[PDB]
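Keeping their order, the protein sequence lines are chains B and A. The opening position of the first sequence corresponds to residue 67 in the deposited numbering, with each subsequent residue numbered one higher. The opening position of the second sequence corresponds to residue 1 in the deposited numbering, with each subsequent residue numbered one higher.
2 protein chains.
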Amino acid sequence: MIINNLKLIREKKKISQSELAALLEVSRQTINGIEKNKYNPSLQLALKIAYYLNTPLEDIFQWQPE
Amino acid sequence: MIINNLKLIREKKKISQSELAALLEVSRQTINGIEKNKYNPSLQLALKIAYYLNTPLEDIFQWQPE
Numbered sequence: 067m068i069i070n071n072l073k074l075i076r077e078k079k080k081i082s083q084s085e086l087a088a089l090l091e092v093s094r095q096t097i098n099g100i101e102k103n104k105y106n107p108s109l110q111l112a113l114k115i116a117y118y119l120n121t122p123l124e125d126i127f128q129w130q131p132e
Numbered sequence: 001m002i003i004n005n006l007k008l009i010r011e012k013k014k015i016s017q018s019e020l021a022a023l024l025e026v027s028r029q030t031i032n033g034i035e036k037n038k039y040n041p042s043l044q045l046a047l048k049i050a051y052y053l054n055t056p057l058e059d060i061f062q063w064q065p066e
């Protein structure tokens, strides 16, 4: 069970999809797709979101293998 | 760039490839490839590795968005 709180974390800060995408050097659709947890986030993608928002990966994404 | 400390964390505990393979639901070749970071750290796997080794994934894998 992977629980994504990408958008929740985004709300904890307040940076919009257009500006965040530009910061991550990605397309706006890329970050917006991640918000819907259905775009397949690879670590590099997750890392940059984590990095620019400065938020622990564990906070952003939650992994419950149980 | 990615710096892999998977070996270091495994030394922090003492879990080897056969056990991790069973825990991560993967083949031993998969985890062996991850140890050499040659297989490329799959994000889905990285999350479970973090959990099974019980260590923050940033400690396990070191990531630079450059």
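Every residue gets a Cβ at the ideal spot worked out from N, C-alpha and C, and that includes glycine.
| said: Rounding to the nearest angstrom, what Cα-Cα distance links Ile-31/A and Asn-4/A in this structure? | reply: 13 Å
| query | For the putative contact between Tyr-52/A and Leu-23/A, defined by C-beta atoms under 8 Å, what is the C-beta separation to the nearest angstrom? | reply | 4 Å
| Considering only C-alpha positions, which residue in the set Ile-49/A, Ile-2/A, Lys-36/A is nearest to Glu-19/A? | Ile-49/A
| message | So, with DSSP's three-state summary, where would you put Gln-95/B? | response | helix
| Three-state secondary structure (DSSP) of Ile-15/A | coil
| request: Please list the partners that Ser-108/B has in chain A, where partner means a Cβ-to-Cβ separation under 7 Å. | output: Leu-43
| task | Grab me the residues of residue 143/B's own chain with a C-beta within less than 6 Å of its C-beta, minus the 5 sequence neighbours each way, in chain order. | result | This structure cannot speak to residue 143/B, because chain B is shown only from 67 to 132.
| query | Can you tell me where the beta strand (DSSP E) with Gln-44/A in it begins and where it stops? | reply | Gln-44/A -> not in any beta strand (DSSP E); alpha helix (DSSP H) instead, spanning 43 to 52.
| message | I'd like to know whether the C-beta of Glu-66/A is nearer than 8 Å to at least one C-beta of chain B. | response | no
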